[PDB]
Amino acid sequence: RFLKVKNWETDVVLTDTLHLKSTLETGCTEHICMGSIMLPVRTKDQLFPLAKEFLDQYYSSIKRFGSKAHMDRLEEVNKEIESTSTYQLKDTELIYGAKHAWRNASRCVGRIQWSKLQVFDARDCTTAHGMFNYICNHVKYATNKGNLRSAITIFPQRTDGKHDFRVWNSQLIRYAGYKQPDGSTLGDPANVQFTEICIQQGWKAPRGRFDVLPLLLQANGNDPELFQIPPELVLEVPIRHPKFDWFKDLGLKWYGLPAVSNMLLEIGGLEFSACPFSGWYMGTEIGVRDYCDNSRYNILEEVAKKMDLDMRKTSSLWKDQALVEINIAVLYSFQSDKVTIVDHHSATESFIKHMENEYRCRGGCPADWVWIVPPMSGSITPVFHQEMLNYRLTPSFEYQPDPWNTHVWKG
Amino acid sequence: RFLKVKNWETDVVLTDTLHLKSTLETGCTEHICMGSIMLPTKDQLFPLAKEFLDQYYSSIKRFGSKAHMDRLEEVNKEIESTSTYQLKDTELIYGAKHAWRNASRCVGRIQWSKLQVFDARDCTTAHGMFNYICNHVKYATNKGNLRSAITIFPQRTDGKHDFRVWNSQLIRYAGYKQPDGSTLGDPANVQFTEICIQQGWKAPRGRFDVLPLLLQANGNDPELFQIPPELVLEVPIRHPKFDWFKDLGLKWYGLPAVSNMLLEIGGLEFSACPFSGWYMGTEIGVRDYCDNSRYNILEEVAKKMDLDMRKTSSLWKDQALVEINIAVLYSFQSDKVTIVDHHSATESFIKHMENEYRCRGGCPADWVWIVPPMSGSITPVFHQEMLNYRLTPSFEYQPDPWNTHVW
Ligand code: HEM
Ligand code: HEM
Ligand SMILES: Nc1cccc(CCc2cccc(OCc3ccc4ccc(N)nc4c3)c2)n1
Ligand SMILES: Nc1cccc(CCc2cccc(OCc3ccc4ccc(N)nc4c3)c2)n1
Ligand SMILES: C[C@H](O)[C@H](O)[C@H]1CNc2nc(N)[nH]c(=O)c2N1
Ligand SMILES: C[C@H](O)[C@H](O)[C@H]1CNc2nc(N)[nH]c(=O)c2N1
Ligand SMILES: [Zn+2]
């Protein structure tokens with residue numbers, strides 16, 4: 001079976017055969033599309049098929065499918081699974097797995113970079129302090145004094161699910177958010193719950209609007225521990241606007257390194273529950289979502305007052321005007337400070353190039369339109385008019401329950 | 001199988017049971033989601049009739065009543081004999097309103113019950129169709145106080161006698177390919193503008209030439225008709241700040257009136273059913289004016305704004321796009337022509353979603369289409385999970401007539 005997708009702006013049509021390799025379910029049926037739903041301890045029984053398929057993938061990619069090294073590797077994994085109930089990935093396999101999990105992340109507009117992922121193997125880590133050390137080195141390497149480099153650090157895989165490694169932070173660098181008794185929030189409202197966990201775990205909060213949160217790190221199933229990232233490792237960019245001199249006076253800054261640490265990396269049936277990864281920001285992630293979402297810093301009002309906009313009726317589009325200016329300021333600040341950032345125009349154009357190239361060399365490119373289209377100016381970016389097929393390939397990054405809702409507390 | 005949709009901006013969760021009434025298929029499977037794809041006999045007809053009549057008589061709280069049972073028998077007898085059947089006026093109106101109500105891609109459905117249905121099933125000629133359309137256009141225009149309306153032409157019989165309005169919308173601007181290379185007027189309508197010329201139309205070859213109506217009755221060759229200009233309300237586009245904006249020579253028409261869709265009620269197929277409401281502002285300013293495949297004026301606008309068009313990261317397109325859309329709303333509002341902005345229309349849709357989940361058990365919705373083409377995340381629909389499924393009565397796509405019509 002072949003499936004065509006059309007770009008309605010360019011009439012370019014592409015044929016997807018890769019969706020045939022898709023095993024996991026999407027959430028949709030013939031009768032209901034769940035395309036806009038955010039989200040629609042594994043025994044030897046189902047593990048070796050997962051292992052075999054990954055190794056079939058891996059050896060195909062190195063043009064060694066069916067070789068003796070391929071058969072011997074299957075046999076070695078087979079006996080290791082039936083003996084030890086799990087198995088260990090070679091370093092080659094882990095690196096392939098990590099890059100392909102990103103390559104397969106259908107919601108990621110940044111995937112043109114997928115093959116340039118720096119993989120740090122932290123599977124020898126055993127303690128929270130050791131995790132802190134690995135994470136610090138990740139942040140320093142990824143940050144590279146503003147010339148950001150994609151990287152992932154992979155901590156030991158789940159075994160029996162009672163010994164998980166977890167990074168309890170949603171991102172390695174995030175600002176605290178404090179709920180005040182009067183109902184107002186200080187800092188990042190997205191982070192109130194995690195901030196309160198940190199403070200309860202002993203963190204002394206500065207209680208400012210841009211406090212970098214501590215790392216809360218869980219090794220081998222033990223209770224998490226608090227560590228402060230050294231501030232010299234945390235690259236931040238003060239946000240100013242190239243024409244509005246009062247913008248700097250809004251006191252805004254953001255950190256430079258987007259580093260997701262709450263997802264689960266699945267490779268050949270193995271589950272890597274702590275796998276922080278980082279790339280670089282698309283400008284709208286800060287300018288549109290982090291500052292302008294009603295449930296975040298929500299500076300639209302203040303920026304619109306300072307621009308002296310007609311804020312009485314929404315049909316004045318003061319919101320849209322303030323939104324563009326905030327996003328101009330974010331891009332200008334990062335570029336001025338020589339910190340890697342990409343605007344949503346450049347990123348989507350690259351994604352289209354990437355996606356076309358993937359259809360030719362790989363037979364398709366799973367893409368979640370709902371997530372790929374930027375949250376402002378959607379239809380003047382070329383992905384808006386691109387039809388996309390969404391399906392699930394492994395290796396993959398998956399969501400996993402927040403650790404504070406599942407963790408058994410030692411004391 | 002009783003599904004919840006969360007709004008992530010507000011944490012409000014609604015439970016959808018309405019989807020279990022879904023009959024038609026979405027194009028998705030458990031292995032592949034097609035949410036972003038544009039378009040993924042006597043025995044068949046009576047179950048369709050029964051289903052529609054069953055919901056009709058339920059909606060008037062006469063389900064299981066003598067009148068219900070008698071109408072079911074009556075339509076059963078008419079199908080057995082005539083191999084089709086005719087809708088009571090009441091069923092036609094319910095059917096039409098509910099096809100809008102079920103239009104999962106329509107952000108405007110909060111208005112669904114206030115639809116003016118014009119029964120044109122007595123129509124037999126293109127001239128007759130023209131009369132019905134003019135009356136529709138004039139009624140719906142209402143001197144700028146727009147009113148929703150649908151006009152319903154005779155249902156399909158054997159597919160050889162189809163009524164079709166060949167225009168995609170009753171009112172659309174012509175599109176001409178220049179010898180130099182590019183396109184004058186509306187590029188979306190170039191092929192149709194050609195068919196009009198290729199059928200006899202005398203084009204002014206301007207930038208905003210109202211296209212003629214190409215009307216097909218009972219399956220005959222379509223016929224050209226100029227909509228009287230006094231019925232086509234147009235809005236000159238000016239900006240409430242930039243006086244040079246008027247010099248772009250832009251205007252747009254007030255009445256969006258879709259004419260190429262197929263309306264299906266109780267298995268009956270209404271291949272000609274032009275309907276109209278009023279514009280959301282982005283439909284003109286984002287899509288009509290700024291799509292690269294359309295009027296594509298962003299460059300010229302940003303030029304007149306003296307924006308740095310040298311790097312995309314200046315967001316000069318975004319800045320210009322906003323001003324254009326500010327002007328569209330300002331122009332329509334200044335000329336007292338009905339229009340809604342994407343913030344107001346999306347806020348209305350969430351309220352409407354709330355109502356439908358409350359009084360009906362759900363509301364089919366296609367996030368990819370409900371989210372406006374600009375400023376997506378600062379509208380409430382962006383953070384709204386939605387379930388997409390196909391309920392009937394429905395508006396459906398149908399082949400373009402010139403690919404089908406036997407001449
Ligand atoms: C290098 C530059 C990168 C850019 C510009 C980028 C861009 C984005 C953006 C904008 C999103 C949408 C997330 C949101 O709006 O909340 C996303 C999603 C995602 N990205 Fe990328 N990304 C980059 C690197 C990476 C890397 C290195 C990985 C993993 C190795 C990755 C994996 C993902 C995944 C798994 C998602 C899914 C998000 C989710 O499911 O919540 N990305 N990306
Ligand atoms: C009254 C105010 C209305 C508003 C503000 C509105 C708004 C919209 C918008 C913005 C779209 C997206 C289409 C596009 O971007 O090209 C749409 C789609 C649609 N609308 Fe509404 N509309 C209105 C009235 C109506 C009426 C009166 C009907 C039928 C009786 C209708 C039926 C539909 C259908 C079937 C679609 C699906 C379009 C498709 O599948 O291509 N709408 N609407
Ligand atoms: N340019 C860029 C590059 C890398 C990372 C980013 C941030 C955008 C992003 C990418 C990937 C994942 C991601 O977040 C996953 C997530 C978030 C919140 C959760 C809350 C609860 C839970 N159980 N899982 C969650 C998973 C964000 N941008
Ligand atoms: N506010 C507002 C109110 C009413 C209508 C509109 C215009 C938006 C709209 C609504 C419904 C349908 C529609 O377009 C249908 C269409 C377009 C192109 C086609 C090309 C080929 C084909 N076979 N079918 C097509 C159907 C647009 N706005
Ligand atoms: C590829 C995608 O299906 C296509 O661009 C859609 C996206 N969403 C849309 N949304 C609306 N409201 N109108 C459209 O024409 C489209 N086009
Ligand atoms: C309800 C909806 O699925 C949800 O709000 C999604 C929509 N699309 C998105 N797209 C991106 N890039 N990031 C997001 O957080 C979301 N949120
Ligand atoms: Zn789907």
# chains A, B, ... in the order shown; residues from 1 in each chain; ligands from 1

$ residues_around --residues "residue 404 of chain B" --least-positions-apart "4" --cutoff "12 Å" --atoms "only C-alpha atoms" --output "VMD selection string"
chain B and resid 159 to 160 162 164 166 219 221 398 to 400

$ write_last_selection --atoms "N, CA and C atoms" --output "compact mmCIF listing (two decimals), in the first residue's frame"
# COMPACT_ATOMS: atom_id res chain seq x y z
N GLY B 159 -27.93 11.09 -11.31
CA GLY B 159 -26.61 11.61 -11.62
C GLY B 159 -26.44 12.14 -13.03
N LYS B 160 -27.45 11.98 -13.89
CA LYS B 160 -27.49 12.62 -15.19
C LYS B 160 -28.26 13.93 -15.18
N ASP B 162 -28.16 16.28 -12.56
CA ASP B 162 -27.66 17.04 -11.43
C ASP B 162 -27.85 18.54 -11.62
N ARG B 164 -26.00 21.82 -10.50
CA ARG B 164 -24.71 22.26 -9.97
C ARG B 164 -24.52 23.74 -10.24
N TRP B 166 -21.48 25.86 -10.74
CA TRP B 166 -20.09 25.59 -11.06
C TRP B 166 -19.13 26.51 -10.33
N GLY B 219 -28.92 18.89 -15.28
CA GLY B 219 -27.86 18.22 -16.01
C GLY B 219 -27.57 18.79 -17.37
N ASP B 221 -26.12 21.78 -20.15
CA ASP B 221 -24.93 22.60 -20.22
C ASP B 221 -25.11 23.83 -19.33
N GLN B 398 -17.52 17.30 -3.45
CA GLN B 398 -18.00 16.58 -4.63
C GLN B 398 -17.10 16.96 -5.80
N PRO B 399 -16.97 16.09 -6.80
CA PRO B 399 -16.10 16.40 -7.94
C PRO B 399 -16.45 17.75 -8.57
N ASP B 400 -15.43 18.41 -9.12
CA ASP B 400 -15.70 19.61 -9.89
C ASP B 400 -16.48 19.25 -11.15

$ residues_around --residues "residue 102 of chain A" --least-positions-apart "3" --cutoff "10 Å" --atoms "only C-alpha atoms" --output "list in words"
residues 97, 98, 99, 105, 106, 107, 108, 110, 111, 112, 113, 114, 115, 117, 265, 277, 394, 395, 396 and 397 of chain A

$ write_last_selection --atoms "N, CA, C and O atoms" --output "JSON list (two decimals), in the first residue's frame"
[["chain", "number", "residue", "atom", "x", "y", "z"],
["A", 97, "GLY", "N", 19.92, 4.17, 17.93],
["A", 97, "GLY", "CA", 18.64, 4.29, 18.60],
["A", 97, "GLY", "C", 18.27, 5.72, 18.97],
["A", 97, "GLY", "O", 17.14, 6.15, 18.74],
["A", 98, "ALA", "N", 19.22, 6.46, 19.53],
["A", 98, "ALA", "CA", 18.88, 7.81, 19.99],
["A", 98, "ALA", "C", 18.59, 8.72, 18.80],
["A", 98, "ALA", "O", 17.61, 9.47, 18.81],
["A", 99, "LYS", "N", 19.42, 8.67, 17.77],
["A", 99, "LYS", "CA", 19.19, 9.51, 16.61],
["A", 99, "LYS", "C", 17.87, 9.18, 15.95],
["A", 99, "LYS", "O", 17.17, 10.07, 15.46],
["A", 105, "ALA", "N", 10.34, 11.44, 15.76],
["A", 105, "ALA", "CA", 9.51, 12.24, 16.64],
["A", 105, "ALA", "C", 8.59, 13.09, 15.76],
["A", 105, "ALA", "O", 8.96, 14.15, 15.27],
["A", 106, "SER", "N", 7.38, 12.61, 15.53],
["A", 106, "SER", "CA", 6.59, 13.23, 14.47],
["A", 106, "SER", "C", 6.15, 14.66, 14.82],
["A", 106, "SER", "O", 5.85, 15.44, 13.92],
["A", 107, "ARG", "N", 6.18, 15.03, 16.10],
["A", 107, "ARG", "CA", 5.83, 16.37, 16.53],
["A", 107, "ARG", "C", 6.98, 17.37, 16.48],
["A", 107, "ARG", "O", 6.77, 18.52, 16.86],
["A", 108, "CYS", "N", 8.18, 16.98, 16.03],
["A", 108, "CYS", "CA", 9.36, 17.83, 16.13],
["A", 108, "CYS", "C", 9.67, 18.50, 14.79],
["A", 108, "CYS", "O", 9.95, 17.81, 13.80],
["A", 110, "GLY", "N", 12.26, 20.31, 14.26],
["A", 110, "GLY", "CA", 13.70, 20.46, 14.20],
["A", 110, "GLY", "C", 14.45, 19.28, 13.65],
["A", 110, "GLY", "O", 15.68, 19.26, 13.69],
["A", 111, "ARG", "N", 13.75, 18.30, 13.07],
["A", 111, "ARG", "CA", 14.36, 17.02, 12.77],
["A", 111, "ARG", "C", 15.33, 17.06, 11.61],
["A", 111, "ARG", "O", 15.93, 16.02, 11.32],
["A", 112, "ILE", "N", 15.52, 18.19, 10.92],
["A", 112, "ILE", "CA", 16.54, 18.19, 9.87],
["A", 112, "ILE", "C", 17.90, 17.88, 10.47],
["A", 112, "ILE", "O", 18.81, 17.40, 9.78],
["A", 113, "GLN", "N", 18.07, 18.14, 11.76],
["A", 113, "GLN", "CA", 19.33, 18.02, 12.46],
["A", 113, "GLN", "C", 19.56, 16.62, 13.01],
["A", 113, "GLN", "O", 20.61, 16.38, 13.63],
["A", 114, "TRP", "N", 18.62, 15.69, 12.77],
["A", 114, "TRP", "CA", 18.52, 14.49, 13.61],
["A", 114, "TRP", "C", 19.82, 13.68, 13.62],
["A", 114, "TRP", "O", 20.19, 13.10, 14.64],
["A", 115, "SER", "N", 20.53, 13.64, 12.50],
["A", 115, "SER", "CA", 21.73, 12.84, 12.41],
["A", 115, "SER", "C", 22.93, 13.47, 13.12],
["A", 115, "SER", "O", 23.95, 12.79, 13.28],
["A", 117, "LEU", "N", 23.19, 14.43, 16.26],
["A", 117, "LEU", "CA", 22.93, 14.34, 17.68],
["A", 117, "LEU", "C", 24.18, 13.81, 18.38],
["A", 117, "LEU", "O", 24.70, 12.75, 18.01],
["A", 265, "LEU", "N", 12.92, 7.27, 26.41],
["A", 265, "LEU", "CA", 13.54, 6.82, 25.17],
["A", 265, "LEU", "C", 13.37, 5.31, 25.09],
["A", 265, "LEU", "O", 13.87, 4.58, 25.95],
["A", 277, "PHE", "N", 17.57, 15.54, 26.65],
["A", 277, "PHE", "CA", 18.09, 15.93, 25.35],
["A", 277, "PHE", "C", 17.88, 17.42, 25.15],
["A", 277, "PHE", "O", 17.00, 18.04, 25.76],
["A", 394, "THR", "N", 9.34, 3.08, 15.92],
["A", 394, "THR", "CA", 10.36, 2.95, 16.97],
["A", 394, "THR", "C", 11.75, 2.84, 16.35],
["A", 394, "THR", "O", 11.89, 2.38, 15.21],
["A", 395, "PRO", "N", 12.81, 3.25, 17.06],
["A", 395, "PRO", "CA", 12.86, 3.89, 18.39],
["A", 395, "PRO", "C", 12.02, 5.16, 18.49],
["A", 395, "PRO", "O", 11.78, 5.79, 17.47],
["A", 396, "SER", "N", 11.59, 5.52, 19.70],
["A", 396, "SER", "CA", 10.74, 6.69, 19.88],
["A", 396, "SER", "C", 10.97, 7.32, 21.25],
["A", 396, "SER", "O", 11.36, 6.64, 22.20],
["A", 397, "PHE", "N", 10.69, 8.62, 21.34],
["A", 397, "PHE", "CA", 10.48, 9.27, 22.62],
["A", 397, "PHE", "C", 9.01, 9.21, 22.97],
["A", 397, "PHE", "O", 8.16, 9.56, 22.15]]

$ closest_atom_pairs --of "chain B" --to "chain A" --cutoff "7 Å" --atoms "only C-alpha atoms" --output "CSV"
residue,atom,partner,partner_atom,distance
B:9,CA,A:295,CA,6.2
B:22,CA,A:31,CA,6.5
B:24,CA,A:31,CA,6.8
B:25,CA,A:31,CA,5.0
B:26,CA,A:30,CA,5.4
B:27,CA,A:30,CA,6.0
B:28,CA,A:30,CA,5.3
B:29,CA,A:29,CA,4.7
B:30,CA,A:25,CA,4.9
B:31,CA,A:25,CA,5.1
B:32,CA,A:391,CA,4.8
B:33,CA,A:390,CA,5.0
B:34,CA,A:389,CA,5.9
B:35,CA,A:35,CA,5.6
B:36,CA,A:387,CA,5.5
B:37,CA,A:387,CA,5.3
B:291,CA,A:380,CA,6.5
B:293,CA,A:9,CA,5.8
B:312,CA,A:345,CA,6.4
B:313,CA,A:343,CA,5.5
B:314,CA,A:328,CA,6.1
B:315,CA,A:328,CA,6.3
B:318,CA,A:377,CA,6.2
B:319,CA,A:324,CA,6.3
B:322,CA,A:321,CA,6.5
B:326,CA,A:316,CA,6.2
B:329,CA,A:315,CA,6.8
B:341,CA,A:315,CA,5.6
B:343,CA,A:314,CA,6.6
B:367,CA,A:36,CA,6.2
B:368,CA,A:370,CA,6.4
B:373,CA,A:379,CA,5.0
B:374,CA,A:377,CA,4.3
B:375,CA,A:376,CA,4.2
B:376,CA,A:375,CA,4.9
B:377,CA,A:375,CA,5.0
B:378,CA,A:293,CA,6.4
B:385,CA,A:37,CA,5.2
B:386,CA,A:36,CA,5.9
B:387,CA,A:34,CA,5.7
B:388,CA,A:33,CA,5.0
B:389,CA,A:32,CA,4.9

$ atom_distance --atom1 "atom CA of residue 202 of chain A" --atom2 "atom CA of residue 407 of chain A"
17.9 Å

$ residues_near_ligand --ligand "ligand 4" --cutoff "6 Å" --atoms "only C-alpha atoms and all ligand atoms" --output "JSON, numbers by chain"
{"B": [256, 257, 258, 260, 261, 276, 277, 278, 279, 280, 397, 398, 399, 400]}

$ write_last_selection --atoms "C-alpha atoms" --output "compact mmCIF listing (two decimals), in the first residue's frame"
# COMPACT_ATOMS: atom_id res chain seq x y z
CA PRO B 256 -18.84 34.39 1.57
CA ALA B 257 -21.23 31.98 -0.11
CA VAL B 258 -19.98 28.47 -0.79
CA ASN B 260 -19.58 23.73 -4.71
CA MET B 261 -20.53 21.41 -1.83
CA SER B 276 -23.46 31.75 3.04
CA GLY B 277 -22.72 33.33 6.38
CA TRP B 278 -20.21 36.06 7.09
CA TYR B 279 -16.44 36.27 6.99
CA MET B 280 -13.97 35.69 9.72
CA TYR B 397 -17.04 17.59 -1.10
CA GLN B 398 -18.00 16.58 -4.63
CA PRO B 399 -16.10 16.40 -7.94
CA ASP B 400 -15.70 19.61 -9.89

$ select_by_dssp --residues "segment 21-263 of chain A" --states "alpha helix (DSSP H)" --output "ChimeraX atom specification"
/A:44-61,68-84,91-103,128-143,192-200

$ closest_residue --among "B:62, B:101, B:1, B:77" --to "residue 395 of chain B" --atoms "only C-alpha atoms"
B:101

$ select_by_dssp --residues "segment 177-287 of chain B" --states "strand (DSSP E)" --output "JSON, numbers by chain"
{"B": [177, 183, 184, 185, 213, 214, 215, 216, 223, 224, 225, 234, 235, 236, 251, 252, 253, 257, 258, 262, 263, 264, 265, 268, 269, 270, 275, 276, 279, 280]}

$ residues_around --residues "residue 16 of chain B" --least-positions-apart "4" --cutoff "8 Å" --atoms "only C-alpha atoms" --output "short mmCIF file (atom, residue, chain, number, x, y, z; two decimals) with C-alpha atoms, in the first residue's frame"
data_model
loop_
_atom_site.label_atom_id
_atom_site.label_comp_id
_atom_site.auth_asym_id
_atom_site.auth_seq_id
_atom_site.Cartn_x
_atom_site.Cartn_y
_atom_site.Cartn_z
CA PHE B 2 -16.79 7.48 26.35
CA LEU B 3 -14.10 10.01 25.47
CA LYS B 4 -12.93 13.10 27.33
CA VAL B 5 -11.46 16.25 25.77
CA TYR B 357 -21.16 18.85 24.98
CA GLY B 361 -23.13 15.00 24.20
CA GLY B 362 -20.32 16.36 22.05
CA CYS B 363 -19.36 18.40 19.02
#

$ closest_residue --among "A:227, A:210, A:287, A:171" --to "ligand 3" --atoms "only C-alpha atoms and all ligand atoms"
A:171

$ residues_near_ligand --ligand "ligand 2" --cutoff "7 Å" --atoms "only C-alpha atoms and all ligand atoms" --output "PDB file with N, CA and C atoms, in the first residue's frame"
ATOM      1  N   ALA B  96     -30.811  20.749   6.976  1.00  0.00           N
ATOM      2  CA  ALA B  96     -29.835  21.739   6.535  1.00  0.00           C
ATOM      3  C   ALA B  96     -29.100  22.332   7.726  1.00  0.00           C
ATOM      4  N   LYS B  97     -29.854  22.704   8.760  1.00  0.00           N
ATOM      5  CA  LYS B  97     -29.254  23.255   9.959  1.00  0.00           C
ATOM      6  C   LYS B  97     -28.297  22.261  10.587  1.00  0.00           C
ATOM      7  N   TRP B 100     -24.863  21.911   8.911  1.00  0.00           N
ATOM      8  CA  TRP B 100     -23.987  22.947   9.442  1.00  0.00           C
ATOM      9  C   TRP B 100     -23.547  22.596  10.856  1.00  0.00           C
ATOM     10  N   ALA B 103     -20.751  20.278  10.777  1.00  0.00           N
ATOM     11  CA  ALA B 103     -19.625  20.629   9.927  1.00  0.00           C
ATOM     12  C   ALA B 103     -18.373  20.818  10.779  1.00  0.00           C
ATOM     13  N   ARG B 105     -15.327  21.183  10.483  1.00  0.00           N
ATOM     14  CA  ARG B 105     -14.301  22.146  10.151  1.00  0.00           C
ATOM     15  C   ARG B 105     -14.757  23.578  10.277  1.00  0.00           C
ATOM     16  N   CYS B 106     -15.984  23.831  10.732  1.00  0.00           N
ATOM     17  CA  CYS B 106     -16.547  25.182  10.718  1.00  0.00           C
ATOM     18  C   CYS B 106     -16.446  25.792  12.109  1.00  0.00           C
ATOM     19  N   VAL B 107     -15.701  26.902  12.228  1.00  0.00           N
ATOM     20  CA  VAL B 107     -15.568  27.579  13.519  1.00  0.00           C
ATOM     21  C   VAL B 107     -16.816  28.368  13.863  1.00  0.00           C
ATOM     22  N   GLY B 108     -17.725  28.545  12.902  1.00  0.00           N
ATOM     23  CA  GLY B 108     -18.857  29.436  13.038  1.00  0.00           C
ATOM     24  C   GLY B 108     -20.147  28.798  13.505  1.00  0.00           C
ATOM     25  N   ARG B 109     -20.133  27.511  13.863  1.00  0.00           N
ATOM     26  CA  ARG B 109     -21.350  26.755  14.105  1.00  0.00           C
ATOM     27  C   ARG B 109     -22.140  27.211  15.324  1.00  0.00           C
ATOM     28  N   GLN B 111     -23.883  29.594  15.436  1.00  0.00           N
ATOM     29  CA  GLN B 111     -25.027  30.204  14.783  1.00  0.00           C
ATOM     30  C   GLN B 111     -25.914  29.188  14.075  1.00  0.00           C
ATOM     31  N   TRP B 112     -25.618  27.894  14.208  1.00  0.00           N
ATOM     32  CA  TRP B 112     -26.165  26.902  13.290  1.00  0.00           C
ATOM     33  C   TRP B 112     -27.693  26.930  13.255  1.00  0.00           C
ATOM     34  N   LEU B 115     -30.317  29.497  10.776  1.00  0.00           N
ATOM     35  CA  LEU B 115     -30.044  29.365   9.355  1.00  0.00           C
ATOM     36  C   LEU B 115     -31.337  29.594   8.590  1.00  0.00           C
ATOM     37  N   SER B 148     -27.228  34.340   7.781  1.00  0.00           N
ATOM     38  CA  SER B 148     -26.931  33.020   7.249  1.00  0.00           C
ATOM     39  C   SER B 148     -28.076  32.529   6.385  1.00  0.00           C
ATOM     40  N   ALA B 149     -27.732  31.859   5.293  1.00  0.00           N
ATOM     41  CA  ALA B 149     -28.770  31.355   4.412  1.00  0.00           C
ATOM     42  C   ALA B 149     -28.236  30.182   3.610  1.00  0.00           C
ATOM     43  N   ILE B 150     -29.131  29.276   3.277  1.00  0.00           N
ATOM     44  CA  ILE B 150     -28.848  28.230   2.313  1.00  0.00           C
ATOM     45  C   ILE B 150     -30.031  28.152   1.362  1.00  0.00           C
ATOM     46  N   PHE B 275     -24.527  28.064   0.170  1.00  0.00           N
ATOM     47  CA  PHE B 275     -24.813  28.607   1.485  1.00  0.00           C
ATOM     48  C   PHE B 275     -23.818  29.711   1.820  1.00  0.00           C
ATOM     49  N   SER B 276     -24.198  30.539   2.777  1.00  0.00           N
ATOM     50  CA  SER B 276     -23.459  31.752   3.039  1.00  0.00           C
ATOM     51  C   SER B 276     -23.646  32.113   4.499  1.00  0.00           C
ATOM     52  N   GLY B 277     -22.641  32.778   5.045  1.00  0.00           N
ATOM     53  CA  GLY B 277     -22.719  33.330   6.375  1.00  0.00           C
ATOM     54  C   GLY B 277     -22.055  34.682   6.336  1.00  0.00           C
ATOM     55  N   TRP B 278     -21.013  34.857   7.137  1.00  0.00           N
ATOM     56  CA  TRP B 278     -20.214  36.065   7.089  1.00  0.00           C
ATOM     57  C   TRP B 278     -18.766  35.697   7.406  1.00  0.00           C
ATOM     58  N   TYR B 279     -17.867  36.581   7.010  1.00  0.00           N
ATOM     59  CA  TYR B 279     -16.444  36.272   6.993  1.00  0.00           C
ATOM     60  C   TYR B 279     -15.849  36.349   8.393  1.00  0.00           C
ATOM     61  N   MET B 280     -14.960  35.420   8.696  1.00  0.00           N
ATOM     62  CA  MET B 280     -13.966  35.693   9.717  1.00  0.00           C
ATOM     63  C   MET B 280     -12.837  36.462   9.049  1.00  0.00           C
ATOM     64  N   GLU B 283      -9.866  34.946   7.042  1.00  0.00           N
ATOM     65  CA  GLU B 283     -10.179  34.332   5.751  1.00  0.00           C
ATOM     66  C   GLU B 283      -9.766  35.213   4.582  1.00  0.00           C
ATOM     67  N   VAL B 340     -16.313  38.999  11.760  1.00  0.00           N
ATOM     68  CA  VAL B 340     -15.884  38.603  13.091  1.00  0.00           C
ATOM     69  C   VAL B 340     -14.373  38.376  13.066  1.00  0.00           C
ATOM     70  N   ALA B 345     -14.438  34.854  17.112  1.00  0.00           N
ATOM     71  CA  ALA B 345     -15.037  33.643  16.554  1.00  0.00           C
ATOM     72  C   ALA B 345     -14.561  32.384  17.273  1.00  0.00           C
ATOM     73  N   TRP B 369      -8.539  22.780  11.204  1.00  0.00           N
ATOM     74  CA  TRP B 369      -9.293  23.825  10.516  1.00  0.00           C
ATOM     75  C   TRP B 369      -9.880  24.870  11.451  1.00  0.00           C
ATOM     76  N   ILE B 370     -10.216  24.494  12.689  1.00  0.00           N
ATOM     77  CA  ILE B 370     -10.798  25.456  13.621  1.00  0.00           C
ATOM     78  C   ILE B 370      -9.758  26.479  14.060  1.00  0.00           C
ATOM     79  N   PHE B 395     -22.428  18.384   4.994  1.00  0.00           N
ATOM     80  CA  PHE B 395     -21.864  18.912   3.766  1.00  0.00           C
ATOM     81  C   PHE B 395     -20.639  18.094   3.415  1.00  0.00           C
TER      82      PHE B 395
END

$ residues_around --residues "residue 403 of chain A" --least-positions-apart "2" --cutoff "8 Å" --atoms "only C-alpha atoms" --output "PyMOL selection string"
chain A and resi 166+168+401+405-407

$ write_last_selection --atoms "C-alpha atoms" --output "PDB file, in the first residue's frame"
ATOM      1  CA  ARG A 166      14.454   9.826  36.494  1.00  0.00           C
ATOM      2  CA  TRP A 168      12.169  15.001  37.917  1.00  0.00           C
ATOM      3  CA  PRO A 401       3.955   9.616  34.162  1.00  0.00           C
ATOM      4  CA  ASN A 405       2.802  10.401  41.085  1.00  0.00           C
ATOM      5  CA  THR A 406       4.378   6.936  40.870  1.00  0.00           C
ATOM      6  CA  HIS A 407       7.536   7.002  43.028  1.00  0.00           C
TER       7      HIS A 407
END
